[PDB]
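Worksheet: one structure, shown below.
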Number of protein chains: 2
Amino acid sequence: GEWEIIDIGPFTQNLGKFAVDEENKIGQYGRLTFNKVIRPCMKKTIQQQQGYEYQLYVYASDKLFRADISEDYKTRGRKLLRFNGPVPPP
Amino acid sequence: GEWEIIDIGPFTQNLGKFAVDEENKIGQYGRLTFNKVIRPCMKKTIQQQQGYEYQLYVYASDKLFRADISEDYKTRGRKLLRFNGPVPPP
């Protein structure tokens, strides 16, 4: 959804320390030491949606395609999200 | 993030026509003619999420990393989604 550039302050600095500390628990990069958070820092808003997503193998014009359709839970309205192909038979 | 397979009944076939009808509105693959939907047809349940995502450039051990942090809106709890690098300065 909406994207926003957030200021570089104590809150963003604590986020960096939170990420590095959580990454050290995994140990993928060993034991890192947090230095600082630099610009740009981005804040993306996540919009909620409750429903289903049907992922189908469809034959169109004698070719196999991969189509993804979203459907809202309360409204049951659907939207085509993706349509790719041809793809090999599963 | 729950998954479930659904049959290729009348409901599943109807989704094929809606998908082919929509892609023809776009027209990337010409004027398609719907044939049929085959197995397997997968149905992913989407559960709503209300919050933000922080995408940060973090200096750790003098190396540049890119970290993504999620924050729930109703609870304000945060999670490290991805931590990769080193990456060049933006």
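Bear in mind these aren't lab numbers, they're just calculated from the coordinates by the rules spelled out. Note that we place each Cβ from the backbone using ideal geometry, even for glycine, and neighbour counts take in every protein chain shown.
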Given springs between every Cα pair under 10 Å in a Gaussian network model of chain B, which of B:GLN47, B:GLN13, B:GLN28 has the largest fluctuation?
B:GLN28
Please compute the alpha carbon radius of gyration of the stretch A:1-65, then divide it by the globular-protein estimate 2.2 N^0.38 Å. Two decimals is fine.
1.89
Once amide H atoms are placed 1.01 Å from N in the peptide plane, what residues at a sequence separation of 5 or more from A:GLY85, or on another chain, have their amide H within under 5 Å of its amide H?
A:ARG66
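Give me the inter-chain shielding for B:19-27: mean count of other chain Cβ atoms within 10 Å, whole number please.
Per-residue shielding by partner chains comes out at 5.
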Mean-position separation - Cα centroids, the stretch A:44-79 and the stretch B:51-76, in angstrom:
29
Take peptide A:5-15, look around each residue's Cβ out to 10 angstrom, count Cβ atoms belonging to other protein chains, and average those counts.
2
I'd like the orientation of helix B:10-26 relative to chain B: the angle between its Cα long axis and the longest Cα principal axis, in ° from 0 to 90, rounded to 10.
70
Summed side-chain charge close to A:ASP7 - residues other than A:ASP7 whose Cβ falls under 12 Å, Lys, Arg +1, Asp, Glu -1:
+1
So, counting K/R as plus one and D/E as minus one, what does the shell of residues with Cβ under 12 Å around A:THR33 add up to?
+1
Compute a Gaussian network model of chain B, connecting alpha carbons closer than 10 Å, and tell me which residue from B:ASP72, B:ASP21, B:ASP62 fluctuates the most.
B:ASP62
Radius 13 Å from Cβ of B:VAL87, net charge of other residues (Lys, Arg +1; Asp, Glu -1)
+2
Per residue of B:58-70, count partner chain C-beta atoms within 10 Å of its C-beta, then hand back the mean as an integer.
6
